[PDB]
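Below you'll find the structure, written out as structure tokens, and then a few comments.
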Ligand SMILES: O[C@@H]1[C@@H](O)[C@H](O[C@@H]2CO[C@@H](O[C@@H]3CO[C@@H](O)[C@H](O)[C@H]3O)[C@H](O)[C@H]2O)OC[C@H]1O
Ligand SMILES: [Ca+2]
């Protein structure tokens with residue numbers, strides 16, 4: 331058992347560990363760790379199955395044997411039976427099986443090692459270590475260890491663009507288990523956004539929320555944040571307010587999907603609380619994470635010209651289908667400035683606040699987004715406009731290079747920054763070739779680089795692609811819309827984008843400027 335694949339020694343961050351059981355609480359405390367170090371306390375359990383867990387899919391493969399080892403300590407009376415358990419999901423049967431791998435009776439007051447060798451089936455993905463007891467006893471663990479068993483800049487995006495902006499991609503619960511993508515991200519990208527795991531419905535906790543204390547959870551995001559903090563990859567938060575992927579109950583008097591719409595002043599409380607508590611938890615659990623940007627409000631301007639003309643861009647009130655529960659409560663887009671105010675209040679200083687939207691180069695919508703953002707920038711509330719940049723491969727037309735530069739320029743002319751937040755470039759089911767997609771990718775990065783070489787005030791501080799490869803895109807792979815194919819081989823677009831910056835100007839991707 332040579333290689334060490336995991337070593338969690340909670341000195342800085344929670345290292346990807348979550349509370350098992352909706353009411354269990356994890357708290358990392360100084361000096362309560364093994365050897366006087368920082369340790370991880372698990373409290374408030376209410377059944378032998380409650381406890382703590384960590385998805386380690388990033389680090390553990392199916393069909394491989396590992397030695398799993400954790401030091402634990404409890405402060406009760408007599409012996410406690412500790413259990414280490416491993417869970418996976420069978421990529422065939424789609425069932426979660428959890429087998430207890432080590433059972434060990436542990437005396438009070440003493441740091442003890444619990445460990446065993448375990449080899450999960452060849453078809454196991456999402457391998458998850460969890461610690462529990464045979465009682466509902468409180469405990470503390472430290473020094474989790476899993477083992478087996480067998481500046482010159484590189485030609486990589488983050489290094490090539492180190493003097494210009496971060497270069498981002500996206501991770502999700504599924505891709506976080508893909509070894510091959512882990513290697514890709516580490517090699518190329520210095521920014522990650524969670525595709526879904528930081529949205530309101532992935533983070534809000536219904537049980538026990540109240541108007542002035544909305545409970546939140548990073549359990550869905552934790553392996554990602556952990557992976558990013560551990561490897562010095564910056565993260566964009568996505569997203570605090572959005573008419574989509576937000577539970578209806580969040581908007582209802584009794585925290586139930588079918589309650590009554592709440593008043594504006596009730597919803598102010600809940601809005602502020604969600605925002606305060608999201609920032610508090612990120613700080614609490616991943617203080618070393620470079621949370622460089624956050625999408626405070628997402629996609630609030632309507633695609634409908636009638637609404638941008640006569641209703642300040644408000645979507646239609648309601649829930650689902652592009653309707654907005656925010657407009658349902660507030661009547662209006664006034665909630666936007668509210669969200670940025672609370673975000674300015676609780677975000678770290680280095681965390682830049684973005685209004686993010688798509689079809690951002692369509693005149694009537696562009697004009698409305700630019701106006702909203704300029705008013706916010708001027709009040710000190712907003713730092714940047716996010717251009718989602720869900721575009722196609724056509725140099726001409728609705729998202730062609732002209733419309734796109736015009737929008738990039740009008741955003742930059744506000745004085746704020748710009749980020750290109752969710753870039754993908756659809757071939758429209760093969761209507762456009764990979765060679766034309768390469769041209770559009772080259773045009774877009776080239777336009778960002780040009781802004782940065784020109785002026786001044788405004789900059790493009792990130793360019794991010796909405797996915798790591800063509801096997802993992804929300805547009806479906808028939809639109810092959812990213813820089814790497816389904817085997818992570820670089821496409822023509824990658825070659826193209828890698829050819830814009832001369833070797834002399836490359837810098838340190840881990841310390842971009
Ligand atoms: O059924 C749910 C899926 O539909 C959901 O898929 C995600 C939908 O949101 C996508 O990302 C957005 C794309 O558009 C921009 O306007 C937004 O700012 C982005 O958030 C995301 O890529 C999809 O994966 O997730 C899984 C299901 O529960
Ligand atoms: Ca420790």
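In the working numbering, the protein residues as written are 331 to 843.
All C-beta atoms in this analysis are idealised placements derived from N, C-alpha and C, irrespective of residue type, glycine included.
| task | Any chance you could list the residues with Cβ under 7 Å from a heavy atom of ligand 2, keeping chain order? | result | Matched residues: 339, 340, 341, 363, 364, 367, 368, 369, 472, 473.
| query | How many angstroms separate the CA atom of residue 387 from the CA atom of residue 509? | reply | For the purposes of this step, residue 387 is identified with residue 57 of the chain shown, where counting begins at 1. For the purposes of this step, residue 509 is identified with residue 179 of the chain shown, where counting begins at 1. Roughly 8 Å between the two C-alpha positions.
| said: Can you list, in chain order, the residues of its chain with a C-beta nearer than 6 Å to that of residue 563? Leave out the 5 residues immediately preceding and following it. | reply: Taking the chain shown and counting its residues from 1, one reaches residue 563 at position 233. Sequence-distant partners of residue 563 (beyond 5 residues in either direction) whose C-beta falls short of 6 Å from its own C-beta, in its chain, are 520, 522.
| field | Coil, strand or helix - residue 596 by DSSP | value | On the chain shown, position 266 is the one that residue 596 refers to. If DSSP states are grouped into helix, strand and coil, residue 596 belongs with the helices.
| Rounded to a whole number of angstroms, what is the C-alpha to C-alpha distance between residue 638 and residue 661? | Taking the chain shown and counting its residues from 1, one reaches residue 638 at position 308. Taking the chain shown and counting its residues from 1, one reaches residue 661 at position 331. Their backbone Cα atoms lie some 15 Å apart in a straight line.
| query | Do three or more CB pairs link the segment 567 to 584 to the segment 627 to 636 at distances below 8 Å? | reply | Yes: at least three Cβ pairs fall under 8 Å.
| said: Closest to residue 393 by C-alpha separation, out of 420, 371, 379, 384, would be which residue? | reply: Numbered from its first residue, the chain shown carries residue 393 at position 63. Nearest to residue 393 by alpha-carbon distance, out of 420, 371, 379, 384, is 420.
| said: Looking at the strands, I want to know which residues DSSP matches up with residue 400. | reply: Along the chain shown, one-based indexing puts residue 400 at 70. According to the DSSP secondary-structure assignment, residue 400 is paired through a beta bridge with 444.
| task | Output yes or no for whether 8 Å exceeds the beta carbon distance between residue 622 and residue 681. | result | To locate residue 622, count along the chain shown from 1; it is residue 292. To locate residue 681, count along the chain shown from 1; it is residue 351. Result yes, Cβ atoms of residue 622 and residue 681 sit closer than 8 Å.
| request: Rounded to whole angstroms, what's the CA-CA distance from residue 489 to residue 751? Just pull it up for me. | output: If you number the chain shown from 1, residue 489 lands on position 159. If you number the chain shown from 1, residue 751 lands on position 421. In a straight line, the C-alpha of residue 489 is about 19 Å away from that of residue 751.
| task | State yes or no: is the C-beta of residue 836 nearer than 7 Å to some heavy atom of ligand 1? | result | The count along the chain shown starts at 1 and reaches residue 836 at position 506. Result no, Cβ not under 7 Å from ligand 1.
| message | Report the CB separation of residue 715 from residue 698 in whole angstroms; it is logged as a contact under 8 Å. | response | Walking along the chain shown from the start, residue 715 turns up at place 385. Walking along the chain shown from the start, residue 698 turns up at place 368. Rounded, the Cβ-Cβ distance is 12 Å, inconsistent with contact.
| message | When you measure from the CB of residue 560 to every non-hydrogen atom of ligand 1, does any distance come out below 7 Å? | response | Walking along the chain shown from the start, residue 560 turns up at place 230. The nearest non-hydrogen atom of ligand 1 is 7 Å or more from the C-beta of residue 560.
| Cutoff 6 Å; reference residue 403; Cβ partners in own chain excluding five residues on either side | For this step, residue 403 is matched to residue 73 along the chain shown. Result list for residue 403: 441, 470, in chain order.
| 6 Å Cβ shell around residue 462 - same chain, five flanking residues per side excluded | Along the chain shown, one-based indexing puts residue 462 at 132. For residue 462, where only same-chain residues beyond five positions count, the Cβ hits under 6 Å are 381, 413.
| Should the segment 488 to 502 be called in touch with the segment 338 to 352, which here means at least 3 C-beta pairs below 8 Å? | Judged by Cβ distances under 8 Å, the segment 488 to 502 makes no contact with the segment 338 to 352, as fewer than three pairs qualify.
| task | Report all residues from its chain with a CB closer than 6 Å to the CB of residue 796; omit the five preceding and five following residues, and keep chain order. | result | Sequence index remark: in the chain shown, residue 796 carries index 466 (1-based). Within the same chain, residue 796 has close Cβ partners 500, 752, 754.
| said: Using 8 Å as the threshold, is the C-beta distance between residue 407 and residue 464 below it? | reply: Start at 1 with the first residue of the chain shown, and residue 407 comes out as number 77. Start at 1 with the first residue of the chain shown, and residue 464 comes out as number 134. When the beta-carbon positions are compared, residue 407 and residue 464 stay at least 8 Å from each other.
| query | Under 8 Å between the Cβ atoms of residue 823 and residue 767? | reply | The sequence position of residue 823 within the chain shown is 493, counting from 1. The sequence position of residue 767 within the chain shown is 437, counting from 1. Yes, the Cβ-Cβ distance between residue 823 and residue 767 is below 8 Å.
| field | the segment 675 to 689 touching the segment 642 to 657, judged by at least three CB pairs closer than 8 Å | value | The segment 675 to 689 is not in contact with the segment 642 to 657.
| Distance between residue 694 and residue 376 (C-alpha atoms, nearest Å) | The count along the chain shown starts at 1 and reaches residue 376 at position 46. The count along the chain shown starts at 1 and reaches residue 694 at position 364. C-alpha of residue 376 to C-alpha of residue 694: approximately 55 Å in a straight line.
| field | Rounded Cβ spacing between residue 340 and residue 615 (contact assumed at less than 8 Å) | value | Position 10 of the chain shown, counting from 1, holds the residue named residue 340. Position 285 of the chain shown, counting from 1, holds the residue named residue 615. With a contact defined as Cβ atoms closer than 8 Å, residue 340 and residue 615 miss out at about 10 Å.
| message | Buried or exposed for residue 780, going by 16 or more other Cβ atoms inside 10 Å? | response | Taking the chain shown and counting its residues from 1, one reaches residue 780 at position 450. Its Cβ having fewer than 16 others within 10 Å, residue 780 is exposed.
| query | Any heavy atom of ligand 1 within a distance shorter than 7 Å of the CB on residue 569? | reply | Here residue 569 refers to the residue found at position 239 when the chain shown is read from its first residue. Answer for residue 569: yes, Cβ within range of ligand 1.
| query | Which of helix, strand or coil does DSSP assign to residue 842? | reply | One-based indexing of the chain shown puts residue 842 at position 512. In the three-state scheme derived from DSSP, where H, G and I count as helix and E and B as strand, residue 842 is classed as coil.
| As assigned by DSSP and simplified to three states, the class of residue 677 | In the chain shown, counting from the first residue as 1, residue 677 sits at position 347. Three-state DSSP puts residue 677 in coil, outside helix and strand.
| field | Residue range of the unbroken alpha helix (DSSP H) whose run includes residue 383 | value | Residue 383 sits at position 53 when you count from the first residue of the chain shown. Taken as a continuous stretch (DSSP letters only), residue 383 belongs to no alpha helix (DSSP H), being part of the beta strand (DSSP E) at 381 to 385.
| query | Which value, in whole angstroms, describes the spacing of the CA atoms of residue 358 and residue 445? | reply | Working through the chain shown from its first residue, we reach residue 358 at position 28. Working through the chain shown from its first residue, we reach residue 445 at position 115. When the Cα atoms are used, residue 358 and residue 445 turn out to be separated by approximately 22 Å.
| said: Quick check on residue 608: buried or exposed, where buried means 16 or more other Cβ atoms within 10 Å of its Cβ? | reply: In the chain shown, residue 608 corresponds to position 278, counting from 1. Buried: at least 16 other Cβ atoms inside 10 Å.
| task | Assign residue 672 to buried or exposed, taking buried as 16 or more other Cβ atoms, counted over all protein chains shown, within 10 Å of its Cβ. | result | Along the chain shown, read from residue 1 onward, the residue named residue 672 stands at position 342. Taking every protein chain shown into account, the CB of residue 672 has 16 or more other CB atoms within 10 angstroms, so this residue is buried.
| field | Check: residue 718 C-beta below 7 Å from any heavy atom of ligand 1 | value | Locating residue 718 in the chain shown gives position 388, counting from the first residue. Correct: residue 718 has its Cβ closer than 7 Å to ligand 1.
| field | Bridge partners - residue 580, DSSP secondary structure assignment | value | Locating residue 580 in the chain shown gives position 250, counting from the first residue. The partner list for residue 580 (beta bridge, DSSP) is empty, contrary to what the question assumes.
| What does residue 377 pair with, by DSSP beta-bridge criteria? | On the chain shown, position 47 is the one that residue 377 refers to. Its beta-bridge partners do not exist; DSSP assigns none.
| Looking at residue 527 and ligand 4, is the gap between the Cβ and the nearest heavy atom below 7 Å? | No copy of ligand 4 appears in this structure; the ligands present are ligand 1 and ligand 2.
| message | Can you tell me whether residue 593 is buried or exposed? The criterion is at least 16 other CB atoms within 10 Å of its CB, across all chains shown. | response | As a first step, residue 593 must be located in the chain shown, where it is residue number 263. Exposed.
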